[PDB]
>>> print(open('upload-v3.cif').read())   # mmCIF, C-alpha atoms and all ligand atoms
data_upload
#
loop_
_atom_site.label_atom_id
_atom_site.label_comp_id
_atom_site.auth_asym_id
_atom_site.auth_seq_id
_atom_site.Cartn_x
_atom_site.Cartn_y
_atom_site.Cartn_z
CA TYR A 1 248.73 129.77 35.30
CA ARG A 2 251.01 132.58 34.24
CA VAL A 3 249.19 135.88 33.97
CA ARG A 4 249.75 138.52 31.29
CA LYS A 5 248.69 141.87 32.75
CA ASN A 6 247.57 145.14 31.14
CA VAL A 7 250.42 147.69 31.11
CA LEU A 8 248.14 150.07 33.06
CA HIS A 9 247.99 147.57 35.97
CA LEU A 10 251.75 146.99 36.20
CA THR A 11 253.55 148.01 39.39
CA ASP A 12 256.60 150.24 39.21
CA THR A 13 258.72 147.28 40.22
CA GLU A 14 256.94 145.05 37.66
CA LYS A 15 257.74 147.60 34.93
CA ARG A 16 261.36 147.95 36.03
CA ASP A 17 261.71 144.14 36.05
CA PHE A 18 260.30 143.68 32.55
CA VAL A 19 262.66 146.37 31.24
CA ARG A 20 265.68 144.82 32.97
CA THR A 21 264.89 141.30 31.75
CA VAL A 22 264.72 142.61 28.18
CA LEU A 23 268.08 144.39 28.53
CA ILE A 24 269.59 141.11 29.74
CA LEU A 25 268.10 139.28 26.74
CA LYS A 26 269.62 141.93 24.48
CA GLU A 27 273.02 141.59 26.18
CA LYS A 28 273.11 137.77 26.06
CA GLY A 29 272.51 137.80 22.30
CA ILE A 30 269.08 136.13 22.68
CA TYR A 31 267.00 139.17 21.68
CA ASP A 32 268.61 139.40 18.19
CA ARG A 33 267.44 135.84 17.40
CA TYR A 34 263.84 137.16 17.56
CA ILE A 35 264.64 139.99 15.17
CA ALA A 36 266.17 137.54 12.74
CA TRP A 37 263.35 135.00 13.01
CA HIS A 38 260.82 137.70 12.29
CA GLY A 39 262.67 138.92 9.20
CA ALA A 40 263.25 135.35 7.94
CA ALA A 41 259.53 134.52 8.26
CA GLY A 42 258.53 137.73 6.48
CA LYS A 43 260.56 136.75 3.42
CA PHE A 44 259.36 133.11 3.34
CA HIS A 45 256.43 133.16 0.93
CA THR A 46 253.59 130.62 0.98
CA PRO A 47 253.81 129.59 -1.77
CA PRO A 48 256.90 131.19 -3.41
CA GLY A 49 255.66 133.96 -5.67
CA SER A 50 252.68 134.98 -3.56
CA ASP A 51 252.71 138.00 -1.24
CA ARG A 52 251.66 135.63 1.53
CA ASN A 53 254.47 134.89 3.99
CA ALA A 54 254.92 132.58 6.96
CA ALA A 55 254.12 135.29 9.53
CA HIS A 56 252.04 137.96 7.76
CA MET A 57 249.33 138.61 5.14
CA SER A 58 247.79 135.16 5.63
CA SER A 59 246.12 132.78 8.05
CA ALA A 60 249.22 131.89 10.07
CA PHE A 61 249.56 135.55 11.09
CA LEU A 62 247.89 134.88 14.42
CA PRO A 63 249.30 131.44 15.51
CA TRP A 64 252.74 132.57 14.35
CA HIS A 65 252.82 135.65 16.58
CA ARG A 66 251.40 133.61 19.45
CA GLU A 67 254.30 131.15 19.22
CA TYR A 68 256.85 133.96 18.90
CA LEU A 69 255.55 135.58 22.07
CA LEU A 70 255.41 132.28 23.92
CA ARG A 71 259.05 131.71 22.98
CA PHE A 72 260.05 135.22 24.01
CA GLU A 73 258.20 134.98 27.33
CA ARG A 74 260.00 131.72 28.09
CA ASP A 75 263.37 133.38 27.51
CA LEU A 76 262.22 136.23 29.78
CA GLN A 77 261.33 133.72 32.50
CA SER A 78 264.59 131.81 32.21
CA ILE A 79 266.14 135.09 33.41
CA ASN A 80 263.63 136.13 36.10
CA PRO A 81 260.81 133.55 36.41
CA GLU A 82 258.44 136.10 37.91
CA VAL A 83 258.27 138.07 34.62
CA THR A 84 255.42 137.58 32.19
CA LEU A 85 254.82 139.51 28.98
CA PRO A 86 252.39 142.43 29.55
CA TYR A 87 250.11 143.81 26.82
CA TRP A 88 249.46 147.30 25.46
CA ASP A 89 245.73 148.05 25.33
CA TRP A 90 245.89 150.81 22.71
CA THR A 91 242.12 151.16 22.62
CA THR A 92 242.27 152.70 26.10
CA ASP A 93 245.07 155.00 24.93
CA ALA A 94 242.97 155.95 21.89
CA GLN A 95 240.46 157.52 24.34
CA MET A 96 242.98 160.24 25.36
CA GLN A 97 243.17 163.75 23.85
CA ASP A 98 246.85 162.89 23.37
CA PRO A 99 247.66 159.13 23.43
CA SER A 100 251.38 160.03 23.50
CA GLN A 101 250.70 160.85 27.16
CA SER A 102 250.11 157.19 27.94
CA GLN A 103 252.26 156.01 30.86
CA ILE A 104 253.59 153.34 28.49
CA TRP A 105 255.84 155.99 26.92
CA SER A 106 257.30 157.07 30.29
CA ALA A 107 261.08 157.09 30.83
CA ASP A 108 260.58 154.19 33.23
CA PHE A 109 258.92 151.94 30.65
CA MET A 110 259.17 152.11 26.85
CA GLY A 111 260.49 155.69 26.84
CA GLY A 112 259.29 158.46 24.64
CA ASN A 113 258.68 159.74 21.12
CA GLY A 114 261.42 160.21 18.55
CA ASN A 115 263.24 163.54 18.86
CA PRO A 116 262.82 165.63 15.65
CA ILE A 117 266.00 167.61 16.48
CA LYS A 118 267.91 164.31 16.59
CA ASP A 119 266.40 162.74 13.44
CA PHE A 120 263.52 161.06 15.33
CA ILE A 121 265.85 158.92 17.47
CA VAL A 122 264.46 157.97 20.87
CA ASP A 123 266.33 159.73 23.67
CA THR A 124 264.29 158.84 26.76
CA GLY A 125 263.68 155.58 28.59
CA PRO A 126 265.81 152.41 28.72
CA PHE A 127 265.85 151.89 24.94
CA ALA A 128 267.17 155.33 24.06
CA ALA A 129 270.04 155.55 21.54
CA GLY A 130 273.20 154.87 23.48
CA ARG A 131 271.55 152.24 25.69
CA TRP A 132 270.14 150.06 22.90
CA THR A 133 271.60 149.17 19.49
CA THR A 134 269.34 148.53 16.47
CA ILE A 135 269.98 146.68 13.18
CA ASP A 136 268.66 147.14 9.63
CA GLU A 137 267.07 144.58 7.29
CA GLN A 138 270.58 143.35 6.47
CA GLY A 139 271.79 142.83 10.05
CA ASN A 140 274.12 145.86 9.96
CA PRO A 141 273.91 147.83 13.25
CA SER A 142 272.03 151.07 12.47
CA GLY A 143 272.33 152.38 16.08
CA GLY A 144 269.16 154.03 17.36
CA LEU A 145 265.51 153.21 17.99
CA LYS A 146 263.27 155.72 16.21
CA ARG A 147 259.57 156.54 16.74
CA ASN A 148 257.21 159.16 15.32
CA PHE A 149 253.81 159.04 17.04
CA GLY A 150 250.86 159.53 14.66
CA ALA A 151 252.96 161.29 12.01
CA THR A 152 251.68 159.45 8.93
CA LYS A 153 248.58 160.42 6.92
CA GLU A 154 247.03 156.93 6.83
CA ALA A 155 247.47 156.30 10.55
CA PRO A 156 247.17 159.42 12.78
CA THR A 157 245.21 157.56 15.45
CA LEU A 158 245.30 154.31 17.38
CA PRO A 159 242.38 151.86 16.83
CA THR A 160 239.31 152.13 19.05
CA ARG A 161 237.42 149.62 21.20
CA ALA A 162 234.68 149.87 18.56
CA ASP A 163 237.27 148.84 16.00
CA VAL A 164 237.93 145.76 18.15
CA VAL A 165 234.24 144.97 18.60
CA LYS A 166 233.68 145.11 14.83
CA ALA A 167 236.41 142.43 14.61
CA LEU A 168 235.26 140.34 17.56
CA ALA A 169 231.93 140.06 15.72
CA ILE A 170 233.23 138.38 12.52
CA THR A 171 232.18 134.72 12.56
CA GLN A 172 234.83 133.12 10.35
CA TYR A 173 238.47 132.81 11.52
CA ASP A 174 239.70 133.41 7.94
CA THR A 175 238.37 132.96 4.38
CA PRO A 176 239.84 132.25 0.90
CA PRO A 177 242.13 133.28 -0.60
CA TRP A 178 243.74 133.50 2.87
CA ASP A 179 245.61 136.79 2.39
CA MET A 180 245.25 140.57 2.56
CA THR A 181 242.21 140.41 0.23
CA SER A 182 240.16 138.15 2.56
CA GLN A 183 236.68 139.46 3.40
CA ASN A 184 234.67 138.59 6.53
CA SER A 185 237.98 137.39 7.95
CA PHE A 186 238.46 137.92 11.67
CA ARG A 187 242.18 137.33 10.96
CA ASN A 188 242.50 139.83 8.10
CA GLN A 189 240.39 142.35 10.02
CA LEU A 190 242.59 142.02 13.13
CA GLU A 191 245.79 142.13 11.05
CA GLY A 192 244.23 145.28 9.57
CA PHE A 193 244.08 145.01 5.75
CA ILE A 194 240.31 145.58 5.42
CA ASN A 195 240.25 149.30 4.57
CA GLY A 196 243.80 149.31 5.96
CA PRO A 197 245.57 150.37 7.97
CA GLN A 198 243.30 149.34 10.86
CA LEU A 199 243.92 147.68 14.24
CA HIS A 200 247.23 145.73 14.16
CA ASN A 201 248.77 147.40 11.08
CA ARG A 202 247.48 150.79 12.22
CA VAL A 203 249.32 150.54 15.54
CA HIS A 204 252.50 149.70 13.59
CA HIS A 205 252.35 152.87 11.46
CA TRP A 206 251.10 155.04 14.35
CA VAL A 207 254.24 154.33 16.40
CA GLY A 208 256.36 155.02 13.33
CA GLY A 209 260.14 154.48 13.26
CA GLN A 210 261.26 150.85 13.18
CA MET A 211 257.72 149.84 14.19
CA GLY A 212 256.33 151.25 10.91
CA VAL A 213 258.34 148.77 8.79
CA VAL A 214 257.49 145.15 9.48
CA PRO A 215 260.96 143.54 8.94
CA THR A 216 262.58 145.89 11.49
CA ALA A 217 259.66 146.31 13.92
CA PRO A 218 260.99 143.98 16.70
CA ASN A 219 263.89 146.40 17.15
CA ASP A 220 261.32 148.18 19.33
CA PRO A 221 260.44 146.25 22.56
CA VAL A 222 256.95 147.71 22.36
CA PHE A 223 256.38 145.29 19.45
CA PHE A 224 256.00 142.60 22.08
CA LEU A 225 253.50 144.60 24.10
CA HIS A 226 251.51 145.43 21.00
CA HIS A 227 251.47 141.77 19.93
CA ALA A 228 250.41 140.64 23.37
CA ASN A 229 247.29 142.78 22.85
CA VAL A 230 246.71 141.27 19.40
CA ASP A 231 247.01 137.76 20.87
CA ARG A 232 244.70 138.78 23.74
CA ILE A 233 242.09 139.98 21.24
CA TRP A 234 242.41 136.67 19.40
CA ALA A 235 241.99 134.71 22.66
CA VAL A 236 238.76 136.58 23.42
CA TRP A 237 237.52 135.84 19.89
CA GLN A 238 238.24 132.17 20.55
CA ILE A 239 236.24 132.23 23.80
CA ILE A 240 233.39 133.97 21.98
CA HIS A 241 233.23 131.84 18.83
CA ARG A 242 234.07 128.70 20.84
CA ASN A 243 232.24 126.83 18.10
CA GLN A 244 234.56 128.14 15.37
CA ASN A 245 238.08 126.92 14.71
CA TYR A 246 241.16 127.98 12.71
CA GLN A 247 241.02 127.89 8.90
CA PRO A 248 242.27 126.68 6.51
CA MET A 249 242.09 123.16 7.92
CA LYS A 250 243.38 121.75 4.61
CA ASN A 251 244.08 122.69 1.00
CA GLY A 252 245.44 126.14 1.83
CA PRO A 253 249.08 127.04 0.98
CA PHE A 254 251.70 124.87 2.73
CA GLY A 255 252.56 126.49 6.05
CA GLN A 256 249.03 127.94 6.35
CA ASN A 257 246.94 124.88 7.30
CA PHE A 258 245.91 123.83 10.81
CA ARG A 259 248.65 121.19 10.91
CA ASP A 260 251.46 122.62 8.77
CA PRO A 261 254.72 123.73 10.45
CA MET A 262 255.16 127.48 10.62
CA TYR A 263 258.56 128.49 9.28
CA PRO A 264 260.86 129.08 10.98
CA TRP A 265 259.77 126.46 13.55
CA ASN A 266 258.10 123.06 13.65
CA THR A 267 255.15 124.61 15.52
CA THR A 268 251.73 124.12 13.87
CA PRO A 269 248.71 126.42 14.29
CA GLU A 270 247.11 123.47 16.07
CA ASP A 271 250.01 123.39 18.55
CA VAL A 272 249.19 126.94 19.74
CA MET A 273 245.40 126.99 19.26
CA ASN A 274 244.63 126.76 23.02
CA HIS A 275 246.64 129.46 24.79
CA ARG A 276 245.59 128.30 28.26
CA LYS A 277 247.23 124.98 27.38
CA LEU A 278 250.50 126.81 26.63
CA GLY A 279 250.67 127.82 30.27
CA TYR A 280 249.57 131.47 30.19
CA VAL A 281 246.39 133.49 30.56
CA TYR A 282 245.39 137.17 30.18
CA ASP A 283 244.43 139.00 33.37
CA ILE A 284 240.85 139.47 32.11
CA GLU A 285 240.38 135.70 32.55
CA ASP A 286 240.48 135.45 36.38
CA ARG A 287 238.27 137.38 38.82
CA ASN A 288 237.31 141.07 39.20
CA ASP A 289 238.61 142.47 35.89
CA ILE A 290 237.86 146.22 35.86
CA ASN A 291 234.51 146.05 37.71
CA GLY A 292 232.01 143.76 39.49
CA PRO A 293 228.89 141.76 38.37
CA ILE A 294 226.01 144.13 37.56
CA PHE A 295 224.65 140.59 37.27
CA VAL A 296 221.37 138.76 37.97
CA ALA A 297 218.88 138.60 35.12
CA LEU A 298 215.70 140.33 36.28
CA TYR A 299 213.71 138.67 33.46
CA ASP A 300 214.09 136.04 30.73
CA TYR A 301 215.48 137.50 27.51
CA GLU A 302 215.55 136.15 23.97
CA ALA A 303 218.34 137.38 21.65
CA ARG A 304 217.24 139.77 18.89
CA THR A 305 220.59 140.05 17.11
CA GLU A 306 223.40 137.59 16.40
CA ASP A 307 225.72 139.31 18.90
CA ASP A 308 223.19 139.26 21.80
CA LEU A 309 222.84 136.61 24.51
CA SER A 310 219.68 134.78 25.49
CA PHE A 311 219.29 134.19 29.24
CA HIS A 312 216.86 133.25 32.01
CA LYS A 313 215.70 135.11 35.13
CA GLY A 314 218.51 134.11 37.48
CA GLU A 315 221.65 134.08 35.34
CA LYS A 316 224.46 136.16 36.83
CA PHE A 317 226.77 138.07 34.46
CA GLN A 318 230.33 139.40 34.43
CA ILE A 319 229.91 142.78 32.71
CA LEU A 320 232.88 143.57 30.41
CA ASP A 321 232.15 146.80 28.48
CA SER A 322 230.28 149.93 29.63
CA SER A 323 230.82 152.12 26.54
CA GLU A 324 227.42 151.90 24.78
CA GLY A 325 225.38 152.50 27.96
CA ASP A 326 222.22 150.60 26.93
CA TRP A 327 223.72 147.36 25.58
CA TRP A 328 226.72 146.28 27.60
CA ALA A 329 229.21 143.51 26.76
CA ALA A 330 228.87 140.66 29.24
CA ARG A 331 229.68 136.95 29.93
CA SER A 332 227.20 134.36 31.28
CA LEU A 333 228.26 132.62 34.50
CA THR A 334 226.01 129.69 33.61
CA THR A 335 226.90 129.11 29.94
CA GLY A 336 230.15 131.08 29.89
CA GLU A 337 229.11 132.49 26.51
CA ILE A 338 229.93 136.13 25.63
CA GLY A 339 227.84 138.77 23.87
CA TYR A 340 225.43 141.63 24.51
CA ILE A 341 222.70 142.03 27.11
CA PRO A 342 220.46 145.11 27.62
CA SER A 343 221.34 147.05 30.80
CA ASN A 344 217.70 147.40 31.88
CA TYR A 345 217.43 143.62 32.37
CA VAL A 346 220.05 143.29 35.09
CA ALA A 347 220.53 144.91 38.51
CA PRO A 348 223.63 144.59 40.80
ZN ZN B 401 255.15 140.43 12.58
ZN ZN B 402 253.04 143.05 13.93
#
>>> encode(input="upload-v3.cif", output="structure tokens")
Amino acid sequence: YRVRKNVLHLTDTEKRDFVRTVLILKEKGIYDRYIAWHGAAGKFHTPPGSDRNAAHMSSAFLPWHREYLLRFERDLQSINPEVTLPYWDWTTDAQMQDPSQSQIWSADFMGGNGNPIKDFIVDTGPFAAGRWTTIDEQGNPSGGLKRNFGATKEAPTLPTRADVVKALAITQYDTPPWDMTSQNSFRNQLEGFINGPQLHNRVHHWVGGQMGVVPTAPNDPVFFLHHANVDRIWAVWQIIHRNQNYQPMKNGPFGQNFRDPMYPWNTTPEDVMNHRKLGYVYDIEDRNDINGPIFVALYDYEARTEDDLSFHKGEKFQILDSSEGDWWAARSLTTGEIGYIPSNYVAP
């Protein structure tokens, strides 16, 4: 119903409107509730003593951020109902010689890199020091968004589409012991602890500044755009593994199970499992995404890997990735299932 668009597809006036709505949220005092919630969650351990918390390093990571974004989008809309939360596809940016040159970091959107001369404070765009006040872990105004693109050793680059495919392939939502150690965990892989930092965590440390330190990261509006991407990735995974569901269903830590409340709210994973049902959809879920159907199966095809589709002579397809050249990511118009088909089997 409400459509979350890729930052690349936003109109100038869309971008201006998102920025303005955020500045209003900041002025009204609403925005700072989201910083506080995020910090509170991060220090609420499940159970006390573990390094699992309500929002990170555990199974709730995904449903938690979904609910936070849904909440934030609603606040946005209460200001200007036309506004939805866009998403930052960093895998597209990763394709550039210099991802810093992404239009996302323009003075009309998120503004630029930290200024080394000025101690890495941001001095372009609407969130530059002097237009936007930040707070520390304690709540004490620390005045000034900072960023430092790609500066750290562990995270010089943004994750790639291949990095995302690797993750979209994992069959299990999450696995014991439901934390940063989890293996064959779509959730832990997306969070980015498997050979970390990857994907979600990598983006954090790539941006640097407040974004590089989880308790302060929402001081940067881009945190929302980043997380919209993460949620989008999760939604695709849900469409793909439509047979799979969230785990743990039971007997995980309290706060982590399908039906536990996620501190700091009464929202359960279950409550936010079906995003469509929460009133919003990603743009790649309508019609004519980034291309047209190179569809029509020329011949019957039987799958020869786990990530391939089977199909009959006749099935039309919505092609979704072009990268590999020979095997391209598609979606069946009959079955609505998603996986790989070989190019040479379909003609437009
Ligand atoms: Zn977080
Ligand atoms: Zn995050």
>>> residues_around(input="upload-v3.cif", residues="residue A:174", least_positions_apart="4", cutoff="10 Å", atoms="all atoms listed in the file", output="PDB file with C-alpha atoms, in the frame of the given file")
ATOM      1  CA  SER A  58     247.790 135.160   5.630  1.00  0.00           C
ATOM      2  CA  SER A  59     246.120 132.780   8.050  1.00  0.00           C
ATOM      3  CA  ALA A  60     249.220 131.890  10.070  1.00  0.00           C
ATOM      4  CA  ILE A 170     233.230 138.380  12.520  1.00  0.00           C
ATOM      5  CA  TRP A 178     243.740 133.500   2.870  1.00  0.00           C
ATOM      6  CA  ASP A 179     245.610 136.790   2.390  1.00  0.00           C
ATOM      7  CA  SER A 182     240.160 138.150   2.560  1.00  0.00           C
ATOM      8  CA  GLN A 183     236.680 139.460   3.400  1.00  0.00           C
ATOM      9  CA  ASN A 184     234.670 138.590   6.530  1.00  0.00           C
ATOM     10  CA  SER A 185     237.980 137.390   7.950  1.00  0.00           C
ATOM     11  CA  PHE A 186     238.460 137.920  11.670  1.00  0.00           C
ATOM     12  CA  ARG A 187     242.180 137.330  10.960  1.00  0.00           C
ATOM     13  CA  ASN A 188     242.500 139.830   8.100  1.00  0.00           C
ATOM     14  CA  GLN A 189     240.390 142.350  10.020  1.00  0.00           C
ATOM     15  CA  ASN A 245     238.080 126.920  14.710  1.00  0.00           C
ATOM     16  CA  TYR A 246     241.160 127.980  12.710  1.00  0.00           C
ATOM     17  CA  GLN A 247     241.020 127.890   8.900  1.00  0.00           C
ATOM     18  CA  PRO A 248     242.270 126.680   6.510  1.00  0.00           C
TER      19      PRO A 248
END
>>> atom_distance(input="upload-v3.cif", atom1="atom CA of residue A:113", atom2="atom CA of residue A:100")
7.7 Å
>>> closest_residue(input="upload-v3.cif", among="A:266, A:251, A:238, A:91", to="residue A:203", atoms="all atoms listed in the file")
A:91
>>> residues_near_ligand(input="upload-v3.cif", ligand="ligand ZN 402 (chain B)", cutoff="10 Å", atoms="all atoms listed in the file", output="list in words")
residues 38, 55, 56, 61, 62, 65, 191, 200, 201, 202, 203, 204, 211, 212, 213, 214, 215, 217, 218, 223, 224, 226, 227 and 230 of chain A
>>> atom_distance(input="upload-v3.cif", atom1="atom CA of residue A:144", atom2="atom ZN of ligand ZN 401 (chain B)")
20.1 Å
>>> closest_residue(input="upload-v3.cif", among="A:162, A:110, A:57, A:190", to="ligand ZN 401 (chain B)", atoms="all atoms listed in the file")
A:57
>>> residues_near_point(input="upload-v3.cif", point="(269.6, 151.1, 27.4)", cutoff="12 Å", atoms="only C-alpha atoms", output="PyMOL selection string")
chain A and resi 19-27+107-111+122-134+143-145+220-221
>>> residues_around(input="upload-v3.cif", residues="residue A:47", least_positions_apart="5", cutoff="8 Å", atoms="all atoms listed in the file", output="ChimeraX atom specification")
/A:52-53,253-254
>>> closest_atom_pairs(input="upload-v3.cif", of="stretch 18-118 of chain A", to="stretch 7-14 of chain A", cutoff="8 Å", atoms="only C-alpha atoms", output="CSV")
residue,atom,partner,partner_atom,distance
A:18,CA,A:14,CA,6.3
A:83,CA,A:14,CA,7.7
A:86,CA,A:7,CA,5.8
A:87,CA,A:7,CA,5.8
A:88,CA,A:7,CA,5.7
A:89,CA,A:7,CA,7.5
A:103,CA,A:8,CA,7.6
A:104,CA,A:7,CA,7.0
>>> closest_residue(input="upload-v3.cif", among="A:33, A:331, A:277, A:4", to="residue A:318", atoms="only C-alpha atoms")
A:331
>>> atom_distance(input="upload-v3.cif", atom1="atom CA of residue A:304", atom2="atom CA of residue A:327")
12.0 Å
>>> closest_residue(input="upload-v3.cif", among="A:175, A:310, A:140, A:343", to="residue A:294", atoms="only C-alpha atoms")
A:343
>>> closest_residue(input="upload-v3.cif", among="A:164, A:85, A:249, A:35", to="residue A:269", atoms="all atoms listed in the file")
A:249
>>> closest_residue(input="upload-v3.cif", among="A:37, A:280, A:64, A:1", to="residue A:216", atoms="only C-alpha atoms")
A:37
>>> residues_around(input="upload-v3.cif", residues="stretch 335-338 of chain A", least_positions_apart="2", cutoff="10 Å", atoms="all atoms listed in the file", output="number ranges by chain")
A: 236-237, 239-242, 307-311, 315, 317-320, 329-333, 340-341
>>> residues_around(input="upload-v3.cif", residues="residue A:347", least_positions_apart="5", cutoff="9 Å", atoms="all atoms listed in the file", output="PDB file with C-alpha atoms, keeping the file's coordinate frame")
ATOM      1  CA  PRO A 293     228.890 141.760  38.370  1.00  0.00           C
ATOM      2  CA  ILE A 294     226.010 144.130  37.560  1.00  0.00           C
ATOM      3  CA  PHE A 295     224.650 140.590  37.270  1.00  0.00           C
ATOM      4  CA  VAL A 296     221.370 138.760  37.970  1.00  0.00           C
ATOM      5  CA  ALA A 297     218.880 138.600  35.120  1.00  0.00           C
ATOM      6  CA  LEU A 298     215.700 140.330  36.280  1.00  0.00           C
TER       7      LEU A 298
END
>>> decode(input="upload-v3.cif", residues="stretch 272-291 of chain A", atoms="N, CA and C atoms", output="mmCIF file, in the first residue's frame")
data_model
loop_
_atom_site.group_PDB
_atom_site.id
_atom_site.type_symbol
_atom_site.label_atom_id
_atom_site.label_comp_id
_atom_site.auth_asym_id
_atom_site.auth_seq_id
_atom_site.Cartn_x
_atom_site.Cartn_y
_atom_site.Cartn_z
ATOM 1 N N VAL A 272 5.253 -8.623 13.479
ATOM 2 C CA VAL A 272 5.887 -7.884 12.392
ATOM 3 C C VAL A 272 6.450 -8.837 11.335
ATOM 4 N N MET A 273 6.025 -10.099 11.367
ATOM 5 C CA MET A 273 6.542 -11.119 10.469
ATOM 6 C C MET A 273 6.149 -10.811 9.020
ATOM 7 N N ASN A 274 4.906 -10.373 8.784
ATOM 8 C CA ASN A 274 4.414 -10.093 7.442
ATOM 9 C C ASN A 274 4.383 -8.580 7.207
ATOM 10 N N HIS A 275 5.387 -8.071 6.483
ATOM 11 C CA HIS A 275 5.548 -6.630 6.333
ATOM 12 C C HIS A 275 4.373 -6.036 5.562
ATOM 13 N N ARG A 276 3.893 -6.784 4.563
ATOM 14 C CA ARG A 276 2.820 -6.318 3.703
ATOM 15 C C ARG A 276 1.639 -5.983 4.609
ATOM 16 N N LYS A 277 1.483 -6.776 5.674
ATOM 17 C CA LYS A 277 0.345 -6.682 6.570
ATOM 18 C C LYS A 277 0.481 -5.455 7.462
ATOM 19 N N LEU A 278 1.697 -4.896 7.535
ATOM 20 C CA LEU A 278 1.970 -3.710 8.337
ATOM 21 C C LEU A 278 1.784 -2.455 7.483
ATOM 22 N N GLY A 279 1.376 -2.628 6.226
ATOM 23 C CA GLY A 279 0.863 -1.507 5.461
ATOM 24 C C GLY A 279 1.843 -0.971 4.419
ATOM 25 N N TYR A 280 3.047 -1.550 4.363
ATOM 26 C CA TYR A 280 4.073 -1.033 3.475
ATOM 27 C C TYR A 280 4.655 -2.137 2.594
ATOM 28 N N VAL A 281 5.291 -1.709 1.505
ATOM 29 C CA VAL A 281 5.882 -2.629 0.552
ATOM 30 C C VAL A 281 7.092 -1.928 -0.066
ATOM 31 N N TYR A 282 8.118 -2.713 -0.434
ATOM 32 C CA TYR A 282 9.268 -2.195 -1.174
ATOM 33 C C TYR A 282 8.941 -2.101 -2.661
ATOM 34 N N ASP A 283 9.550 -1.129 -3.338
ATOM 35 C CA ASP A 283 9.196 -0.794 -4.708
ATOM 36 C C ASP A 283 9.352 -2.002 -5.624
ATOM 37 N N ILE A 284 10.301 -2.887 -5.301
ATOM 38 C CA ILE A 284 10.604 -4.056 -6.112
ATOM 39 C C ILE A 284 9.513 -5.110 -5.939
ATOM 40 N N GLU A 285 8.316 -4.714 -5.495
ATOM 41 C CA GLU A 285 7.245 -5.674 -5.265
ATOM 42 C C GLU A 285 5.998 -5.307 -6.083
ATOM 43 N N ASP A 286 6.123 -4.354 -7.019
ATOM 44 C CA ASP A 286 4.983 -3.924 -7.823
ATOM 45 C C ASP A 286 5.118 -4.441 -9.256
ATOM 46 N N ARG A 287 5.440 -3.524 -10.181
ATOM 47 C CA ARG A 287 5.512 -3.823 -11.602
ATOM 48 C C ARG A 287 6.624 -2.990 -12.236
ATOM 49 N N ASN A 288 7.403 -3.632 -13.120
ATOM 50 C CA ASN A 288 8.500 -3.008 -13.848
ATOM 51 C C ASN A 288 9.512 -2.436 -12.857
ATOM 52 N N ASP A 289 10.331 -3.321 -12.277
ATOM 53 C CA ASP A 289 11.316 -2.954 -11.271
ATOM 54 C C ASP A 289 12.426 -2.119 -11.909
ATOM 55 N N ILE A 290 13.440 -2.797 -12.469
ATOM 56 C CA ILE A 290 14.556 -2.132 -13.128
ATOM 57 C C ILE A 290 14.678 -2.606 -14.578
ATOM 58 N N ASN A 291 13.809 -3.545 -14.990
ATOM 59 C CA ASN A 291 13.749 -4.027 -16.366
ATOM 60 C C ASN A 291 12.406 -4.714 -16.634
#
